[PDB]
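Next up, structure tokens for two forms of one chain, structure 1 and then structure 2.
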Structure 1
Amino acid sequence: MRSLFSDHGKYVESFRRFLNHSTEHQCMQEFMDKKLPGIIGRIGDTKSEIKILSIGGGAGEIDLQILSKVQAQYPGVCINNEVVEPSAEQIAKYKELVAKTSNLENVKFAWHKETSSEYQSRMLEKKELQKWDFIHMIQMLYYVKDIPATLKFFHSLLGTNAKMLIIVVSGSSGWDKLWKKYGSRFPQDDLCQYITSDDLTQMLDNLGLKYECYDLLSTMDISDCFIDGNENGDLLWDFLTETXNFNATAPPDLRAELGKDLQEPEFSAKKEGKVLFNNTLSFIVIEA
């Protein structure tokens, strides 16, 4: 088999179906509306500029919502939103989104086509480290080589009253169960780390950083995954397994097995007929 990250083709397409078959964005949006305002309430205090660093910003749809909340707390204040993203493709999409979005006059965007790691190296050379008021790393620590070094470095970039938000799947999610029970069944992955909020809180504890973690239930409708002849299902199987052509490249044993307990209370829930895989998310807020 081959990590999904490989075939850029389906990698991007399996994710598309994921969002259309999950509550991932609704969950995040819920967090931005109910919890974020309170979290960023003082990051702009005494500042004539608010610096926001988006690590791993994809097309920026969540980025803009966060910006929305920031502007709401600090009307009139210029916002400098820098985005660190290696994909020239995501950057292009992010830009087009920004161009079609109204009420962004007060915001200056900057895109850095590189990984958080490269960004780190480049900054460490500079005469001095620049501070940020808000840094967010949404669903991307999975693709980082050195997580503790990333957490420690970006936390060191936090200014006075600054905050750092991290989002990854929760340790109580179905992903955690899925990775513990079938982890061995798959080959080593130099392109992806299968970590959850449990791994993060452990690293944060040892790092001695102050943080708070909130969990919000989220679901992934994996119904189509149980219909042999279904294009969408097969795509969901790739995402769910972080594997290129899973059904086609995976031992019938692993396949038949997974498709069995993927319907167990252990991994999913059955409501309205649908099979809802546990996609519970964790929102981690770190203080300067």
Structure 2
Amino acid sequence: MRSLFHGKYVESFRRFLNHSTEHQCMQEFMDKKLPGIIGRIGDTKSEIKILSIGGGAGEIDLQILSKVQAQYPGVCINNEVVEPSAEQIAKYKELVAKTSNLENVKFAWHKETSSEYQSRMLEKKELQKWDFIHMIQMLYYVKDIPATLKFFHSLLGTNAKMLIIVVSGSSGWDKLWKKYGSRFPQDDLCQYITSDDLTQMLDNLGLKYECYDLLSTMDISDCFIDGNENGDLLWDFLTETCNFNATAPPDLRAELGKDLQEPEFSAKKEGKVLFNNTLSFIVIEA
């Protein structure tokens, strides 16, 4: 039972992406919801400051940027990215150099974690203000979430908004983690969190937010067959384990095999087993 954490991770992650509607789900939220969300973040401003936490390869960031530009044509935008992976940054830069209509947008990449960024910003004398801050699918890697939430919320300017996206409390992950979390290998780099944990922390912090869920799925049909390589790749992903099927206790595996087909974990339709990958979109007000 080795923690999926790194060449196997990318391979499993990739498998996850091409077998789920995660990409499409996000894109759908951007088209239908994002406009309404960022509708007034640029009001009275001659420059819009966007802070991307864990921006990764930049696909979602550029989609976000397109909506802001559409809402505020002619307005300069400063899009700063906090990302610890040099590899991700390289991809992000490659994408930018490839995209065309980005004249009024300037980028800056800071190779560090949100925590390092936070302490670095606290060494400065006064904290900057941002019009839009987003943390997409990255809170799992933050050690102190309440401090992180409080800090970034304090960086929001007038009418600014903070967008956070993590899996939903009503997704299969939530159930998978609550029940088998302790039986999966642990890595000090990742912790299980869902919108339930998040809204609870936001409630205790006393911050105002709205939470929207968007159904997304992961086709894990291939997970039900000895040998199938893709199924095994997905097995590894769902368990954050390297070669789950070959190293995990048979009692664990067997039990998992059963639960993954239960209504609360997946839906069965068209002879397919679709793991509930519902995502939660949380918008926090300044």
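In this text, rigid core is short for the largest set of C-alphas that superpose within 1.5 Å between two forms. FYI, numbering is relative to structure 1, first residue = 1.
Chemist: If you fit the rigid core and then compare C-alpha positions between structures 1 and 2, only one of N103, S121, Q188, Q130 moves by 2 Å or more. Name it.
Modeler: With the rigid core superposed, the residue that stands out is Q188.
Chemist: Core overlaid, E257 C-alpha shift between structures 1 and 2, how many Å?
Modeler: Here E257 registers a C-alpha shift of 1.9 Å.
Chemist: Taking the rigid core as the frame of reference, how far in Å is the Cα of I227 displaced between structures 1 and 2?
Modeler: A shift of 2.8 Å at the C-alpha.
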